[PDB]
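Trainee: Once you've seen the sequence and the experimental structure below, I've got questions.
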Amino acid sequence: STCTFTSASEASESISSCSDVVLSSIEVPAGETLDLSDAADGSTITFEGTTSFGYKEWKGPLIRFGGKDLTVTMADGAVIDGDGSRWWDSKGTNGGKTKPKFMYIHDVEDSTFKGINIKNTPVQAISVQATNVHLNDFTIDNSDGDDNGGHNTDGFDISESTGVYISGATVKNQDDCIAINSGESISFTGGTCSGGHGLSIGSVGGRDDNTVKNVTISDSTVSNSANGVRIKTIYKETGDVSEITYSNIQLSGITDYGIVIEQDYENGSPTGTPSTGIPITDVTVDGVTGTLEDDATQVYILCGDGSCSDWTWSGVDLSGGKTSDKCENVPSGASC
Ligand SMILES: *[C@@H]1O[C@H](CO)[C@@H](O[C@@H]2O[C@H](CO)[C@@H](O)[C@H](O)[C@H]2NC(C)=O)[C@H](O)[C@H]1NC(C)=O
Ligand SMILES: *[C@H]1O[C@H](CO)[C@@H](O)[C@H](O)[C@@H]1O
Ligand SMILES: *[C@H]1O[C@H](CO)[C@@H](O)[C@H](O)[C@@H]1O
């Protein structure tokens, strides 16, 4: 007795009483969240047809998950379409129109999301605040944003999580493919990132949680993006970044930085001066290869005095771009 919902109200009202849920071409009203947070433990949720959202300049989120032992999937041909170009104005979260957050995978545990297919989010696509979740074969296609004013269209923003396993994601966007602001035991593998800002740890600091530990980013590609591999920490803040592994990352058409690790962020931009309250230790880089554009820098490491240590750097083989003469306090295991 699968429950089939054709409206947001039906879902919100009835989801908790259902073990098998079908969300059939829901047109979510403007200014409302498609609220699935009261989903029954152990239930299955399937998206069918096109899920859409009415236009309002508000903060979202457009979709909110919640619960335990969930299985979330998409029917053949199904898509969750944010139709973000309605909001896009080249300013994203920094100005212009108020733009809603898209998908919150918050207050979720021991659940698997499979084949989630998303197009044109207003700003950031997925906010993850979860425990022991698998996010498999996602497609987050914000490629329309390149010519239609997309900005801050992050793939996965991760914070306050433990055990988040992303596999097989494809992210076409205008900002970070993934951004880990905090978390423990986070992995991203078999990913295809294009258009944006790369595979990022940070910015780290100034939040409720400023600890990143045990991150593995591997077997993935990053194309036509500002950065390949990145770790950013905030000037004069505290936290800890450790046990980070980048393995078998292939880059193409990188425009800014192949690998960039810097401890000098303030107000969303580099100051040029690092600080030492957010140590970055036990970082392994093993096999980062590919191509950089003419004005890109291969490697830029801007660490505080003593605040980056115990790095294991090998197989860094980049072609094109420039060599930095601005690196500071580079760990013995590494090189610009
Ligand atoms: C770092 O993260 C990995 C997960 O990315 C943790 O290892 C796993 O633990 C269970 C134990 O059976 C395995 O089934 C999983 O397959 C493991 N995951 C992976 C990707 O290998 C690992 O223990 C963490 N390291 C710590 C906490 O020291
Ligand atoms: C989802 O929406 C329903 C009605 O739309 C509420 O009753 C429920 O609390 C949740 O907000
Ligand atoms: C949600 O759906 C259930 C049926 O599964 C209804 O009983 C309820 O009133 C709401 O429509």
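Mentor: Cool, got the structure. Residues are numbered from 1 along each chain as shown. Ligands and ions are numbered 1, 2, ... in the order given.

Trainee: Number of residues surrounding the residue of the chain found nearest ligand 3?
Mentor: The chain approaches ligand 3 most closely through residue 14 (2.4 Å), counting by C-beta to the nearest ligand atom. (Each C-beta comes from the backbone N, C-alpha and C, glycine too.) Look at residue 14: counted by other C-beta atoms under 10 Å, it has 13 neighbours.

Trainee: what does residue 177 give?
Mentor: 31.

Trainee: Check residue 195 too.
Mentor: Applying other C-beta under 10 Å, we find 22 residues neighbouring residue 195.

Trainee: cool, and residue 259?
Mentor: Residues near residue 259, counting by other C-beta under 10 Å: 26.

Trainee: Get me the contact residues on the stretch 51-200 of the chain for ligand 1.
Mentor: Residues of the stretch 51-200 of the chain lying close to ligand 1 by C-beta under 6 Å from any ligand atom are 185, 187.

Trainee: wait, does the helix or strand harbouring the residue of the chain closest to ligand 3 contact ligand 2?
Mentor: Using DSSP states H and E, residue 14 sits within helix 8-14. Yes: counting by C-beta under 6 Å from any ligand atom, ligand 2 has neighbours in helix 8-14: 9, 12, 13.

Trainee: between the residues you listed, which has the most around it?
Mentor: residue 12 (18 neighbours).

Trainee: Excluding chain neighbours, what is closest to that residue?
Mentor: Leaving aside its chain neighbours, residue 12 sits nearest to residue 35 (4.5 Å; criterion: C-beta to C-beta, 6 or more residues apart in numbering).

Trainee: quick revisit: is the residue of the chain closest to ligand 3 in contact with residue 6, as I believe?
Mentor: No: between residue 14 and residue 6 there is no contact under C-beta atoms under 8 Å: 11.5 Å.

Trainee: coming back round to it: which residues sit in contact with the residue nearest to residue 12?
Mentor: Going by C-beta atoms under 8 Å, 6 or more residues apart in numbering, residue 35 touches 8, 11, 12, 64.

Trainee: Equivalent analysis for residue 328, please.
Mentor: By C-beta under 8 Å, 6+ apart, the neighbours of residue 328 are 274, 301, 302, 303.

Trainee: repeat that for 6 Å
Mentor: residue 302 (C-beta atoms under 6 Å, 6 or more residues apart in numbering).

Trainee: Also residue 271?
Mentor: With C-beta under 6 Å, 6+ apart, residue 271 has these contacts: 235, 264.

Trainee: do residue 312 as well
Mentor: Contacts of residue 312 (C-beta under 6 Å, 6+ apart): 284, 333.

Trainee: What's the separation between it and residue 324?
Mentor: 20 Å (C-beta to C-beta, to the nearest Å).

Trainee: cool, residue 142 as well?
Mentor: 30 Å.

Trainee: pull the longest strand from this structure.
Mentor: strand 240-254 (DSSP state E).

Trainee: ok, and what's touching the helix or strand following that strand?
Mentor: Next along the chain after strand 240-254, taking DSSP H and E as the criterion, comes strand 257-266. Identification of contacts with strand 257-266 by C-beta under 6 Å, 6+ apart yields 203, 227-235, 270-271, 273-274, 292, 297-304, 318.

Trainee: What about ligand 1: which of the residues you listed touch it?
Mentor: Okay, of those, nothing touches ligand 1 (C-beta under 6 Å from any ligand atom).

Trainee: Please narrow those to those residing in strands.
Mentor: Per DSSP E, strands hold the following members of these: 203, 227-234, 270, 292, 297-302, 318.

Trainee: from those, which would you call buried?
Mentor: Neighbour counting over the ones in strands among the contacts of strand 257-266 (16 or more other C-beta atoms under 10 Å) leaves 203, 227-234, 270, 292, 297-302, 318 as the buried ones.

Trainee: Now do the residue most central in space within the chain against residue 293, distance only.
Mentor: With distances taken as C-alpha atoms, centre = their mean, residue 156 lies nearest the centre of the chain, 2.2 Å away. Residue 156 is 25 Å from residue 293, where distance means C-beta to C-beta.
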